[PDB]
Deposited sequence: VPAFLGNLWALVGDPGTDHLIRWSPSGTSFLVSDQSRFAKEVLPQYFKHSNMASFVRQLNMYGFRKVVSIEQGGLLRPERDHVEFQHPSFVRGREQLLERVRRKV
């Protein structure tokens, strides 16, 4: 598992960051609920920058997508990034 993904897995699932980034209820996507606080408070700790565009570009490079309504709270999804599915994470690729 690439370091970025291992750090992302830990970060999403950590209860100490859930006020800003957390799994969805079923774990098949994850939410960043306050992008500005996330980029200033959380991204420094785990990725040593504060640039939300940069983090998003790295998600894009691993194939993550965005979840939006059919008709701030941003929601990301990757088919192989699912809470608890540790072995499935090995299928995320650049």
property: Missing C-alpha runs, given along the deposited sequence, first residue counted as 1; result: 72-80, 104-105
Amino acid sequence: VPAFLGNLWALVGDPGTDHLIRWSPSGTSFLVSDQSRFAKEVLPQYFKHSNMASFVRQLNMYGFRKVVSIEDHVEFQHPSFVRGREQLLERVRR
From here on, numbers count along this sequence of modelled residues.
| item | value |
| --- | --- |
| Stretch with the greater mean C-alpha B-factor as recorded in the entry, comparing 28-36 against 45-53 | 45-53 |
| Stretch with the higher entry mean CA B-factor, where the candidates are 80-88 and 7-15 | 7-15 |
